[PDB]
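Notes to accompany the following structure.
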Amino acid sequence: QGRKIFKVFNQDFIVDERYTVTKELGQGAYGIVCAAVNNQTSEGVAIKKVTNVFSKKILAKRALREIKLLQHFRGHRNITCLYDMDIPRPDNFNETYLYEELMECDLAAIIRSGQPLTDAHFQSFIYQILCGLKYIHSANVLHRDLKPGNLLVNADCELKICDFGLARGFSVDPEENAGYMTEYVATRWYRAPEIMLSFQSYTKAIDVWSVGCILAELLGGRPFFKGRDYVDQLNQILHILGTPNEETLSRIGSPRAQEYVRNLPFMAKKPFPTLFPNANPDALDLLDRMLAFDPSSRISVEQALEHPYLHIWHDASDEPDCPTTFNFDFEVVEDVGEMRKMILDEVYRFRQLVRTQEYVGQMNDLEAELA
Ligand SMILES: Nc1ncnc2c1ncn2[C@@H]1O[C@H](COP(=O)(O)O)[C@@H](O)[C@H]1O
């Protein structure tokens, strides 16, 4: 066997025999999470059990999507790092276990606790998000669901992006781009406006908007655009940013939505210095550029990394790209028998993998020479 059984969240939890489960960490619609300790090296790990993966066709394509993407982004300082995977009962399995680097809480919890944070904290948090996002975008991947709940933090307040279940491809070819699949809908409070206004402009700007929502939530201690439905969400956004111009209005690809926005009374822009009168002026200037209503005027990731707000942290020699792009050919598969085969292949191939001029060089060549 080589495995142990634990009882957590009123179910079974089958782990490698080298570990001991220690604490429950939470639930979701997609699995349960516990913390553990390697009884040998003493390092801590988190163990995530994806549940009921072959109950619906959409849960199965979600798990395969997350498995492949976590492998593609291993080894970045600002992305959660996958260590191992395991399928305990391969004959009739309906779950897979992921072994990941262990963190302490998420950013939503820190904001909820009311613990005081300085402006240097805001700078560090926003810079780390942008470094991880630049890596992801360089592989032509859109995250699509950035928010404080998907950002893990530890005691040193280092930050790591997680949860790739909603990610989607991007291509400069608009026929290629129009063909990437979107199984689920993102969290309403952080979703960019051009998605519900039918701009047909699914670009990397959709992730930049979410980062702006996060900086605004940090500055006010509470979510910034907090709609109860989509109409309420649109009203709260126009109330802050104001009536759009004629170019922007014509871009609304939906007739009922364009008719509604065109008929509202005039609304002036509320300047961010009036909403956060005690904040760093550089913070509000970057906030204004990330929360641009029209995606064509919105700041890019690389422009944001160069903004004066972040000049202490910025070092382009420390902000890498991903070596290769990610391929989304698997999402075409629509047979659940094929998807069980692909998942088994991913796990066994990964398990085998993880178990496998400067001055000194110039002087070594000169020494072997003189000798
Ligand atoms: N690598 C990790 N380290 C520590 N806690 C985590 C980790 N991944 C997820 N969690 C937490 O486990 C819970 C489950 O979240 P979910 O990703 O929705 O299943 C949430 O409270 C997360 O913040």
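In listed order, ligands and their atoms are each counted from 1. Side chains included, hydrogens not; waters and symmetry mates left out as well; all remaining heavy atoms used. Just so you know, residue 1 is the first one in the sequence shown, and it goes up from there.
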* Asked: For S124 and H121, what are the C-alpha separation, side-chain angles and deciding distance, and is it a side chain to side chain donor-acceptor pair (under 3.5 Å)?
  -> CA-CA 5 Å; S124 173; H121 280 92; over 6 Å; no
* To do: Any pair with a residue in residues 273-283 that passes side-chain hydrogen bond (donor to acceptor under 3.5 Å, both in side chains), sequence neighbours left out, goes on the list, sorted by first then second residue, please.
  =>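 Output for this query lists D119-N280.
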Contacts table for residues 210-222: side-chain donor-acceptor under 3.5 angstrom, sequence neighbours left out:
from	atom 1	to	atom 2	distance (Å)
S210	OG	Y190	O	3.0
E217	OE1	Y190	OH	2.7

* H314 side chain to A304 backbone, donor-acceptor under 3.5 Å ->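 Not at all, since once roles are kept as given, no pair shorter than 3.5 Å links the two residues.
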Write out each pair where an N or O from ligand 1 and one from the protein are under 3.5 Å apart, with the distance.
from	atom 1	to	atom 2	distance (Å)
ligand 1	1 (N)	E100	OE1	3.4
ligand 1	1 (N)	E101	O	3.1
ligand 1	3 (N)	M103	N	3.1
ligand 1	21 (O)	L25	O	3.4

* Tell me, please, which residues at least two apart from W313 pass side-chain hydrogen bond (donor to acceptor under 3.5 Å, both in side chains). =>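 Scan of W313 (side-chain hydrogen bond (donor to acceptor under 3.5 Å, both in side chains), adjacent residues dropped) gives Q123.
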* Asked: Parallel under 30°, tilted from 30 to 60°, perpendicular over 60°: which one fits the rings of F326 and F330?
  ->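 Aromatic pair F326/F330 classed perpendicular.
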